[PDB]
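Structure below is input01.cif: mmCIF, N, CA and C atoms and all ligand atoms.
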```
data_start
#
loop_
_atom_site.label_atom_id
_atom_site.label_comp_id
_atom_site.auth_asym_id
_atom_site.auth_seq_id
_atom_site.Cartn_x
_atom_site.Cartn_y
_atom_site.Cartn_z
N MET W 1 60.95 64.22 -16.32
CA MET W 1 62.34 64.28 -15.74
C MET W 1 62.83 62.92 -16.00
N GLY W 2 64.15 62.95 -16.16
CA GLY W 2 64.94 61.79 -16.43
C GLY W 2 65.15 61.57 -17.90
N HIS W 3 66.12 60.71 -18.20
CA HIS W 3 66.53 60.51 -19.63
C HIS W 3 66.04 59.16 -20.10
N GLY W 4 64.76 58.94 -19.90
CA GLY W 4 64.11 57.77 -20.53
C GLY W 4 62.90 58.21 -21.26
N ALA W 5 62.30 57.28 -21.99
CA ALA W 5 61.16 57.64 -22.81
C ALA W 5 59.93 57.97 -22.00
N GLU W 6 59.33 59.07 -22.31
CA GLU W 6 58.15 59.51 -21.57
C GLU W 6 56.97 60.01 -22.42
N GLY W 7 57.09 60.07 -23.74
CA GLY W 7 56.03 60.63 -24.51
C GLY W 7 54.84 59.69 -24.62
N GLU W 8 53.68 60.27 -24.87
CA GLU W 8 52.55 59.44 -25.21
C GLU W 8 51.82 60.00 -26.37
N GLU W 9 51.61 59.21 -27.42
CA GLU W 9 51.00 59.81 -28.60
C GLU W 9 49.52 59.58 -28.69
N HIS W 10 48.95 58.72 -27.86
CA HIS W 10 47.54 58.32 -27.97
C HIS W 10 46.58 59.03 -27.00
N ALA W 11 47.07 60.07 -26.35
CA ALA W 11 46.29 60.84 -25.34
C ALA W 11 45.04 61.76 -25.72
N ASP W 12 42.44 62.00 -20.66
CA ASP W 12 41.25 61.67 -19.89
C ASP W 12 41.20 60.13 -19.96
N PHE W 13 41.40 59.46 -18.83
CA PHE W 13 41.64 58.03 -18.98
C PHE W 13 40.32 57.35 -19.29
N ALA W 14 39.25 57.90 -18.73
CA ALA W 14 37.90 57.33 -18.92
C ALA W 14 37.61 57.29 -20.46
N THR W 15 37.99 58.34 -21.16
CA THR W 15 37.80 58.45 -22.64
C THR W 15 38.60 57.36 -23.37
N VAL W 16 39.87 57.16 -22.98
CA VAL W 16 40.75 56.13 -23.52
C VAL W 16 40.09 54.70 -23.26
N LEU W 17 39.71 54.44 -22.02
CA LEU W 17 39.03 53.22 -21.71
C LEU W 17 37.73 52.97 -22.57
N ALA W 18 36.91 54.02 -22.75
CA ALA W 18 35.69 53.75 -23.44
C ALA W 18 35.87 53.25 -24.86
N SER W 19 37.02 53.61 -25.46
CA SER W 19 37.34 53.09 -26.77
C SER W 19 38.42 52.03 -26.78
N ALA W 20 38.63 51.38 -25.65
CA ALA W 20 39.71 50.37 -25.59
C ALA W 20 39.50 49.10 -26.38
N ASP W 21 40.59 48.30 -26.51
CA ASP W 21 40.52 47.12 -27.33
C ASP W 21 40.78 45.94 -26.41
N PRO W 22 39.77 45.16 -26.08
CA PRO W 22 40.00 44.04 -25.15
C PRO W 22 40.84 42.94 -25.73
N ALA W 23 40.81 42.74 -27.07
CA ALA W 23 41.79 41.73 -27.54
C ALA W 23 43.22 42.17 -27.45
N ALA W 24 43.48 43.48 -27.60
CA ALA W 24 44.79 43.98 -27.36
C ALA W 24 45.15 43.81 -25.84
N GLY W 25 44.18 44.00 -24.98
CA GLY W 25 44.39 43.84 -23.52
C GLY W 25 44.75 42.38 -23.22
N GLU W 26 44.07 41.46 -23.93
CA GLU W 26 44.35 40.03 -23.72
C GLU W 26 45.79 39.73 -23.99
N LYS W 27 46.40 40.43 -24.96
CA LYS W 27 47.87 40.24 -25.16
C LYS W 27 48.75 40.93 -24.09
N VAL W 28 48.39 42.15 -23.70
CA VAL W 28 49.13 42.85 -22.57
C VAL W 28 49.16 41.96 -21.33
N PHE W 29 48.08 41.19 -21.09
CA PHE W 29 48.10 40.36 -19.86
C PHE W 29 49.16 39.26 -19.85
N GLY W 30 49.59 38.93 -21.04
CA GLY W 30 50.77 37.98 -21.07
C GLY W 30 51.90 38.43 -20.15
N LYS W 31 52.06 39.73 -19.93
CA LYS W 31 53.10 40.30 -19.03
C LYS W 31 52.79 40.02 -17.57
N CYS W 32 51.62 39.46 -17.26
CA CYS W 32 51.28 39.29 -15.84
C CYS W 32 51.04 37.87 -15.48
N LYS W 33 51.00 37.00 -16.50
CA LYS W 33 50.65 35.56 -16.26
C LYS W 33 51.76 34.79 -15.43
N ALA W 34 52.98 35.29 -15.34
CA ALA W 34 54.02 34.54 -14.57
C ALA W 34 53.54 34.60 -13.10
N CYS W 35 52.77 35.65 -12.78
CA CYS W 35 52.44 35.90 -11.36
C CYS W 35 50.96 35.82 -11.04
N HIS W 36 50.08 36.06 -12.03
CA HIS W 36 48.65 36.24 -11.83
C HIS W 36 47.83 35.35 -12.78
N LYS W 37 46.85 34.63 -12.23
CA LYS W 37 45.99 33.79 -13.05
C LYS W 37 44.59 34.38 -13.12
N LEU W 38 43.74 33.84 -14.04
CA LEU W 38 42.37 34.31 -14.23
C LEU W 38 41.37 33.16 -14.03
N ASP W 39 41.84 32.11 -13.34
CA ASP W 39 40.98 30.92 -13.05
C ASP W 39 40.77 30.81 -11.51
N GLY W 40 40.98 31.90 -10.75
CA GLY W 40 40.90 31.82 -9.28
C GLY W 40 42.16 31.25 -8.58
N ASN W 41 43.23 30.77 -9.22
CA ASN W 41 44.34 30.30 -8.49
C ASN W 41 45.29 31.45 -8.07
N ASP W 42 45.87 31.30 -6.88
CA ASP W 42 46.81 32.30 -6.39
C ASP W 42 48.21 31.73 -6.43
N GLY W 43 49.16 32.62 -6.68
CA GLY W 43 50.55 32.12 -6.77
C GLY W 43 51.50 33.22 -6.28
N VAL W 44 52.46 33.66 -7.09
CA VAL W 44 53.31 34.83 -6.64
C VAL W 44 52.36 36.05 -6.39
N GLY W 45 51.36 36.29 -7.25
CA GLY W 45 50.32 37.34 -6.97
C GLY W 45 48.98 36.65 -6.84
N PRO W 46 47.93 37.44 -6.44
CA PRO W 46 46.58 36.83 -6.26
C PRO W 46 45.92 36.73 -7.62
N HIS W 47 44.93 35.82 -7.73
CA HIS W 47 44.16 35.79 -9.03
C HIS W 47 43.53 37.18 -9.34
N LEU W 48 43.44 37.46 -10.64
CA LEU W 48 42.89 38.74 -11.06
C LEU W 48 41.55 38.66 -11.77
N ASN W 49 40.98 37.43 -11.89
CA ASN W 49 39.66 37.37 -12.43
C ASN W 49 38.81 37.92 -11.31
N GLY W 50 37.99 38.90 -11.67
CA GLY W 50 37.07 39.70 -10.81
C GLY W 50 37.79 40.80 -10.02
N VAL W 51 38.97 41.18 -10.43
CA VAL W 51 39.65 42.29 -9.74
C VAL W 51 38.94 43.65 -9.91
N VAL W 52 38.33 43.89 -11.07
CA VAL W 52 37.75 45.22 -11.29
C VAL W 52 36.56 45.41 -10.34
N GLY W 53 36.69 46.39 -9.44
CA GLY W 53 35.75 46.59 -8.36
C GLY W 53 36.02 45.87 -7.09
N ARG W 54 37.04 45.01 -7.04
CA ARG W 54 37.29 44.24 -5.84
C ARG W 54 37.95 45.06 -4.77
N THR W 55 37.68 44.78 -3.50
CA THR W 55 38.46 45.40 -2.41
C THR W 55 39.96 45.27 -2.63
N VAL W 56 40.75 46.35 -2.40
CA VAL W 56 42.19 46.25 -2.49
C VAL W 56 42.59 45.35 -1.37
N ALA W 57 43.52 44.47 -1.69
CA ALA W 57 44.20 43.46 -0.78
C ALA W 57 43.17 42.53 -0.17
N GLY W 58 42.27 42.01 -1.00
CA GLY W 58 41.01 41.34 -0.50
C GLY W 58 41.12 39.84 -0.72
N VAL W 59 42.05 39.30 -1.52
CA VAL W 59 41.95 37.84 -1.90
C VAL W 59 42.30 37.01 -0.65
N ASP W 60 41.36 36.13 -0.33
CA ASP W 60 41.63 35.29 0.87
C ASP W 60 42.90 34.46 0.74
N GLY W 61 43.68 34.45 1.82
CA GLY W 61 44.84 33.64 1.88
C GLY W 61 46.12 34.20 1.26
N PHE W 62 45.98 35.32 0.52
CA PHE W 62 47.15 35.88 -0.11
C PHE W 62 47.87 36.88 0.84
N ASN W 63 49.18 36.74 0.99
CA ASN W 63 49.93 37.59 1.90
C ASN W 63 50.39 38.89 1.28
N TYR W 64 49.52 39.88 1.37
CA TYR W 64 49.86 41.21 0.83
C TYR W 64 50.87 42.00 1.67
N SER W 65 51.56 42.91 1.02
CA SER W 65 52.45 43.85 1.68
C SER W 65 51.67 44.73 2.69
N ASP W 66 52.39 45.37 3.65
CA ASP W 66 51.72 46.33 4.53
C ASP W 66 51.08 47.47 3.80
N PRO W 67 51.74 48.10 2.77
CA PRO W 67 50.98 49.29 2.21
C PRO W 67 49.76 48.90 1.42
N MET W 68 49.81 47.69 0.82
CA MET W 68 48.65 47.21 0.11
C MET W 68 47.47 46.93 1.11
N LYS W 69 47.77 46.25 2.24
CA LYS W 69 46.73 45.90 3.25
C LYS W 69 46.06 47.16 3.89
N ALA W 70 46.90 48.21 4.04
CA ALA W 70 46.52 49.36 4.72
C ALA W 70 45.84 50.34 3.76
N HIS W 71 45.81 50.03 2.48
CA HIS W 71 45.34 51.07 1.52
C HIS W 71 43.87 51.36 1.63
N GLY W 72 43.05 50.33 1.62
CA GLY W 72 41.57 50.70 1.60
C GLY W 72 41.11 50.96 0.19
N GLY W 73 39.78 51.06 0.04
CA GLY W 73 39.15 51.30 -1.29
C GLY W 73 39.10 50.02 -2.15
N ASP W 74 38.79 50.23 -3.44
CA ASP W 74 38.49 49.16 -4.36
C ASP W 74 39.26 49.43 -5.63
N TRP W 75 39.45 48.38 -6.39
CA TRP W 75 40.13 48.51 -7.68
C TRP W 75 39.23 49.00 -8.77
N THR W 76 38.91 50.27 -8.72
CA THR W 76 38.19 50.84 -9.86
C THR W 76 39.12 50.92 -11.07
N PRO W 77 38.59 51.13 -12.29
CA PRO W 77 39.50 51.28 -13.44
C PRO W 77 40.54 52.38 -13.28
N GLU W 78 40.18 53.48 -12.65
CA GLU W 78 41.18 54.56 -12.39
C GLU W 78 42.24 54.05 -11.45
N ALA W 79 41.86 53.45 -10.34
CA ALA W 79 42.85 52.91 -9.46
C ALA W 79 43.82 51.91 -10.06
N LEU W 80 43.20 51.05 -10.90
CA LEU W 80 44.02 50.04 -11.58
C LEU W 80 44.95 50.79 -12.50
N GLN W 81 44.57 51.68 -13.35
CA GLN W 81 45.54 52.26 -14.25
C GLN W 81 46.50 53.18 -13.54
N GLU W 82 46.19 53.74 -12.39
CA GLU W 82 47.20 54.51 -11.69
C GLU W 82 48.26 53.57 -11.18
N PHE W 83 47.84 52.50 -10.53
CA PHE W 83 48.86 51.55 -9.99
C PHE W 83 49.74 50.96 -11.11
N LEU W 84 49.18 50.55 -12.27
CA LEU W 84 49.94 49.93 -13.34
C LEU W 84 50.86 50.91 -14.05
N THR W 85 50.64 52.22 -13.90
CA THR W 85 51.57 53.22 -14.47
C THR W 85 52.97 52.98 -13.94
N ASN W 86 53.11 52.80 -12.61
CA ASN W 86 54.46 52.47 -12.08
C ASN W 86 54.27 51.99 -10.64
N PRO W 87 54.09 50.66 -10.51
CA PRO W 87 53.70 50.06 -9.24
C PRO W 87 54.59 50.53 -8.07
N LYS W 88 55.90 50.47 -8.27
CA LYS W 88 56.78 50.83 -7.16
C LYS W 88 56.72 52.25 -6.67
N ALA W 89 56.28 53.18 -7.54
CA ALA W 89 55.98 54.58 -7.06
C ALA W 89 54.65 54.82 -6.47
N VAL W 90 53.72 54.07 -7.07
CA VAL W 90 52.33 54.34 -6.75
C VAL W 90 51.93 53.65 -5.43
N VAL W 91 52.48 52.49 -5.13
CA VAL W 91 52.30 51.94 -3.77
C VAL W 91 53.68 51.66 -3.29
N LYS W 92 54.28 52.68 -2.57
CA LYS W 92 55.68 52.49 -2.16
C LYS W 92 55.72 51.31 -1.20
N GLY W 93 56.70 50.45 -1.43
CA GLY W 93 56.90 49.19 -0.73
C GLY W 93 55.97 48.08 -1.16
N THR W 94 55.26 48.24 -2.31
CA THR W 94 54.60 47.00 -2.87
C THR W 94 55.64 45.83 -3.10
N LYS W 95 55.13 44.58 -2.97
CA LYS W 95 55.99 43.40 -3.27
C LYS W 95 55.85 42.96 -4.76
N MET W 96 55.04 43.68 -5.53
CA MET W 96 54.91 43.38 -7.02
C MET W 96 56.05 43.95 -7.82
N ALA W 97 56.88 43.03 -8.27
CA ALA W 97 58.05 43.42 -9.02
C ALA W 97 57.75 43.52 -10.49
N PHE W 98 57.12 44.67 -10.82
CA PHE W 98 56.76 44.81 -12.26
C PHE W 98 57.01 46.29 -12.54
N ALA W 99 57.65 46.61 -13.67
CA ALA W 99 58.06 47.93 -13.93
C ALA W 99 56.89 48.87 -14.21
N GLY W 100 55.82 48.41 -14.85
CA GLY W 100 54.71 49.27 -15.15
C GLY W 100 54.38 49.17 -16.63
N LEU W 101 53.23 49.76 -16.95
CA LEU W 101 52.74 49.88 -18.34
C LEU W 101 52.68 51.35 -18.62
N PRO W 102 53.80 51.91 -19.16
CA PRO W 102 53.76 53.37 -19.45
C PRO W 102 52.81 53.79 -20.60
N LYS W 103 52.42 52.91 -21.53
CA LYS W 103 51.54 53.29 -22.60
C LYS W 103 50.13 53.31 -22.03
N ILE W 104 49.45 54.43 -22.15
CA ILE W 104 48.08 54.70 -21.59
C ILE W 104 47.09 53.71 -22.24
N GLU W 105 47.29 53.44 -23.57
CA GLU W 105 46.38 52.46 -24.19
C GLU W 105 46.64 51.06 -23.67
N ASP W 106 47.88 50.67 -23.28
CA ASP W 106 48.07 49.33 -22.80
C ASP W 106 47.27 49.19 -21.47
N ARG W 107 47.40 50.17 -20.60
CA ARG W 107 46.57 50.14 -19.33
C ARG W 107 45.07 50.05 -19.64
N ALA W 108 44.56 50.91 -20.54
CA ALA W 108 43.13 50.90 -20.80
C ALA W 108 42.71 49.60 -21.48
N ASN W 109 43.54 49.10 -22.42
CA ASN W 109 43.14 47.87 -23.09
C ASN W 109 43.19 46.68 -22.12
N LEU W 110 44.24 46.61 -21.25
CA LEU W 110 44.32 45.56 -20.24
C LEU W 110 43.16 45.64 -19.28
N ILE W 111 42.75 46.83 -18.84
CA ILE W 111 41.57 46.98 -17.94
C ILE W 111 40.29 46.57 -18.62
N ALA W 112 40.18 46.86 -19.92
CA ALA W 112 38.94 46.46 -20.61
C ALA W 112 38.93 44.89 -20.65
N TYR W 113 40.08 44.22 -20.92
CA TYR W 113 40.05 42.78 -20.92
C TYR W 113 39.71 42.25 -19.50
N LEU W 114 40.30 42.85 -18.47
CA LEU W 114 40.04 42.30 -17.12
C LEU W 114 38.53 42.50 -16.78
N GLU W 115 37.86 43.56 -17.24
CA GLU W 115 36.44 43.71 -17.04
C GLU W 115 35.61 42.51 -17.51
N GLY W 116 36.11 41.76 -18.51
CA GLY W 116 35.34 40.65 -19.07
C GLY W 116 35.83 39.36 -18.45
N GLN W 117 36.75 39.44 -17.51
CA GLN W 117 37.22 38.25 -16.80
C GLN W 117 36.73 38.32 -15.36
N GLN W 118 35.43 38.23 -15.16
CA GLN W 118 34.93 38.30 -13.78
C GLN W 118 34.81 36.83 -13.38
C1 LIG G 201 56.86 39.27 -10.72
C2 LIG G 201 55.41 39.23 -10.25
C3 LIG G 201 54.34 40.02 -10.89
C4 LIG G 201 54.06 40.45 -12.08
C5 LIG G 201 54.71 40.29 -13.42
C6 LIG G 201 52.74 41.20 -11.82
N1 LIG G 201 52.11 41.29 -10.41
FE1 LIG G 201 50.67 42.13 -9.93
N2 LIG G 201 51.15 41.55 -8.04
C7 LIG G 201 52.23 40.75 -7.71
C8 LIG G 201 52.29 40.71 -6.25
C9 LIG G 201 53.43 40.00 -5.48
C10 LIG G 201 51.18 41.49 -5.79
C11 LIG G 201 50.88 41.75 -4.29
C12 LIG G 201 51.58 43.10 -4.07
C13 LIG G 201 51.57 43.61 -2.63
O1 LIG G 201 51.01 42.88 -1.76
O2 LIG G 201 52.12 44.74 -2.42
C14 LIG G 201 50.40 41.98 -6.90
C15 LIG G 201 49.22 42.72 -6.86
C16 LIG G 201 48.61 43.06 -8.07
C17 LIG G 201 47.32 43.84 -7.83
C18 LIG G 201 46.57 44.06 -6.48
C19 LIG G 201 45.61 42.84 -6.37
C20 LIG G 201 44.75 42.90 -5.11
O3 LIG G 201 44.10 41.80 -4.93
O4 LIG G 201 44.81 43.81 -4.32
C21 LIG G 201 46.90 44.14 -9.09
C22 LIG G 201 45.66 44.92 -9.47
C23 LIG G 201 47.96 43.57 -9.96
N3 LIG G 201 49.18 42.87 -9.43
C24 LIG G 201 47.98 43.67 -11.28
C25 LIG G 201 48.97 43.20 -12.20
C26 LIG G 201 48.94 43.28 -13.63
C27 LIG G 201 47.61 43.74 -14.35
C28 LIG G 201 50.10 42.77 -14.07
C29 LIG G 201 50.51 42.67 -15.54
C30 LIG G 201 50.47 44.03 -16.26
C31 LIG G 201 50.83 42.40 -12.96
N4 LIG G 201 50.17 42.63 -11.80
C32 LIG G 201 52.10 41.78 -13.00
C33 LIG G 201 53.18 40.25 -8.65
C34 LIG G 201 53.30 40.44 -10.02
ZN ZN G 202 38.18 36.04 -6.41
ZN ZN G 203 36.33 34.55 1.28
ZN ZN G 204 54.29 45.30 9.11
ZN ZN G 205 46.95 54.98 -3.16
#
```
Take the structure in the file and give it back as structure tokens.
Ligand code: HEC
Ligand SMILES: [Zn+2]
Ligand SMILES: [Zn+2]
Ligand SMILES: [Zn+2]
Ligand SMILES: [Zn+2]
Amino acid sequence: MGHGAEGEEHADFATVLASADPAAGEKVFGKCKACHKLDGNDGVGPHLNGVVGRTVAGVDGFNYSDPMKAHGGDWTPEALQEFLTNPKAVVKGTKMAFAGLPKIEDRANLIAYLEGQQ
């Protein structure tokens, strides 16, 4: 629904991830560096080095939104790619102002890169 682009030509997310390209993910992360670092520093968003498997809303000292704090669970690869599909829909009232990664391979490639940034 709606009059914007919605097709995907590269389409089971686990299958997409298993063949992902971490160097391509390293470039997708450029879209997140204004807010997120991979050296443990926190800023507009919390650091994302070691996010894969981390408790949701877990970074010490970072002031998360109410729906993020109340969510529970961990950032598994499925959780991460669901949230990155369209943050504002997937966690209504998130404070992350990012439109999303509609390309399924961009999500899988970005998750594969974050897996190597623990
Ligand atoms: C303009 C800022 C901005 C951009 C760009 C941004 N985030 Fe975020 N991000 C935030 C904020 C703010 C939060 C905290 C959201 C909340 O508390 O609801 C967050 C939370 C996250 C979380 C939850 C972390 C946790 O510790 O619970 C993940 C995962 C995340 N961003 C991933 C990404 C990725 C991957 C990108 C790039 C594709 C990205 N973000 C781009 C601002 C950004
Ligand atoms: Zn950490
Ligand atoms: Zn701690
Ligand atoms: Zn509140
Ligand atoms: Zn949820």
Counting only C-alpha atoms and all ligand atoms, which residue out of W:60, W:66, W:82, W:9 sits closest to ligand ZN 205 (chain G)?
W:82
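Checking W:68, W:80, W:109, W:59 one by one against ligand ZN 203 (chain G), counting only N, CA and C atoms and all ligand atoms, you find the shortest gap at W:59.
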When distances are computed from only N, CA and C atoms and all ligand atoms, which of W:21, W:35, W:29, W:58 shows the smallest separation from ligand ZN 203 (chain G)?
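Closest candidate: W:58.
In this structure, atom N of residue W:107 sits 9.9 Å away from atom CA of residue W:13.
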Neighbour list for residue W:23 as a PDB file with N, CA and C atoms, keeping the file's coordinate frame, cut-off 7 Å, only N, CA and C atoms, skip fewer than 3 positions in-chain:
```pdb
ATOM      1  N   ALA W  20      38.630  51.380 -25.650  1.00  0.00           N
ATOM      2  CA  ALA W  20      39.710  50.370 -25.590  1.00  0.00           C
ATOM      3  C   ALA W  20      39.500  49.100 -26.380  1.00  0.00           C
ATOM      4  N   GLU W  26      44.070  41.460 -23.930  1.00  0.00           N
ATOM      5  CA  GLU W  26      44.350  40.030 -23.720  1.00  0.00           C
ATOM      6  C   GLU W  26      45.790  39.730 -23.990  1.00  0.00           C
ATOM      7  N   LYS W  27      46.400  40.430 -24.960  1.00  0.00           N
ATOM      8  CA  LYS W  27      47.870  40.240 -25.160  1.00  0.00           C
ATOM      9  C   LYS W  27      48.750  40.930 -24.090  1.00  0.00           C
ATOM     10  N   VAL W  28      48.390  42.150 -23.700  1.00  0.00           N
ATOM     11  CA  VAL W  28      49.130  42.850 -22.570  1.00  0.00           C
ATOM     12  C   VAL W  28      49.160  41.960 -21.330  1.00  0.00           C
ATOM     13  N   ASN W 109      43.540  49.100 -22.420  1.00  0.00           N
ATOM     14  CA  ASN W 109      43.140  47.870 -23.090  1.00  0.00           C
ATOM     15  C   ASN W 109      43.190  46.680 -22.120  1.00  0.00           C
ATOM     16  N   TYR W 113      40.080  44.220 -20.920  1.00  0.00           N
ATOM     17  CA  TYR W 113      40.050  42.780 -20.920  1.00  0.00           C
ATOM     18  C   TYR W 113      39.710  42.250 -19.500  1.00  0.00           C
TER      19      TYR W 113
END
```
Give as a list in words each residue that has an atom at most 7 Å from (30.8, 37.8, -12.5) in the file, counting all atoms listed in the file.
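It turns out the residues near that spot are residues 50, 117 and 118 of chain W.
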Looking at W:37, W:85, W:22, W:43, which one is nearest to residue W:103, with distances taken over only C-alpha atoms?
W:85
Would you mind reading off the distance between atom N of residue W:30 and atom CA of residue W:72, one decimal, in Å?
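Rounded to one decimal, the two atoms are 26.7 Å apart.
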Please build the interface table for chain W against ligand LIG 201 (chain G) with a cut-off of 6 Å, listing for each qualifying residue the nearest atom pair and the distance in Å to one decimal; count all atoms listed in the file, order rows by chain and increasing number, and write it as CSV.
```
residue,atom,partner,partner_atom,distance
W:28,C,G:LIG201,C30,5.6
W:29,CA,G:LIG201,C29,5.5
W:31,C,G:LIG201,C29,4.0
W:32,CA,G:LIG201,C29,3.5
W:33,N,G:LIG201,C29,5.8
W:34,N,G:LIG201,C5,5.6
W:35,CA,G:LIG201,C3,4.6
W:36,N,G:LIG201,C6,5.8
W:44,C,G:LIG201,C9,4.2
W:45,CA,G:LIG201,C8,4.0
W:46,N,G:LIG201,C14,5.2
W:55,C,G:LIG201,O4,5.3
W:56,C,G:LIG201,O4,4.0
W:57,N,G:LIG201,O4,3.0
W:58,N,G:LIG201,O3,4.3
W:59,N,G:LIG201,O3,4.7
W:63,C,G:LIG201,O1,5.1
W:64,CA,G:LIG201,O1,3.3
W:65,N,G:LIG201,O1,2.8
W:68,N,G:LIG201,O2,5.0
W:80,CA,G:LIG201,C22,5.8
W:93,C,G:LIG201,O2,5.3
W:94,CA,G:LIG201,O2,3.4
W:95,N,G:LIG201,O2,3.1
W:96,N,G:LIG201,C12,3.8
W:97,C,G:LIG201,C1,4.3
W:98,CA,G:LIG201,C5,5.1
```
Cut-off 8 Å, only C-alpha atoms and all ligand atoms, neighbours of ligand ZN 202 (chain G) as a VMD selection string:
chain W and resid 40 47 to 51 59
For the residues selected in the previous step, produce a file with N, CA and C atoms as a PDB file, in the frame of the given file.
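Now in part_11.pdb:
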```pdb
ATOM      1  N   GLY W  40      40.980  31.900 -10.750  1.00  0.00           N
ATOM      2  CA  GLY W  40      40.900  31.820  -9.280  1.00  0.00           C
ATOM      3  C   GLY W  40      42.160  31.250  -8.580  1.00  0.00           C
ATOM      4  N   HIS W  47      44.930  35.820  -7.730  1.00  0.00           N
ATOM      5  CA  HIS W  47      44.160  35.790  -9.030  1.00  0.00           C
ATOM      6  C   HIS W  47      43.530  37.180  -9.340  1.00  0.00           C
ATOM      7  N   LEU W  48      43.440  37.460 -10.640  1.00  0.00           N
ATOM      8  CA  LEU W  48      42.890  38.740 -11.060  1.00  0.00           C
ATOM      9  C   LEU W  48      41.550  38.660 -11.770  1.00  0.00           C
ATOM     10  N   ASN W  49      40.980  37.430 -11.890  1.00  0.00           N
ATOM     11  CA  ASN W  49      39.660  37.370 -12.430  1.00  0.00           C
ATOM     12  C   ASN W  49      38.810  37.920 -11.310  1.00  0.00           C
ATOM     13  N   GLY W  50      37.990  38.900 -11.670  1.00  0.00           N
ATOM     14  CA  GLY W  50      37.070  39.700 -10.810  1.00  0.00           C
ATOM     15  C   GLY W  50      37.790  40.800 -10.020  1.00  0.00           C
ATOM     16  N   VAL W  51      38.970  41.180 -10.430  1.00  0.00           N
ATOM     17  CA  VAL W  51      39.650  42.290  -9.740  1.00  0.00           C
ATOM     18  C   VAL W  51      38.940  43.650  -9.910  1.00  0.00           C
ATOM     19  N   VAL W  59      42.050  39.300  -1.520  1.00  0.00           N
ATOM     20  CA  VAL W  59      41.950  37.840  -1.900  1.00  0.00           C
ATOM     21  C   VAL W  59      42.300  37.010  -0.650  1.00  0.00           C
TER      22      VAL W  59
END
```
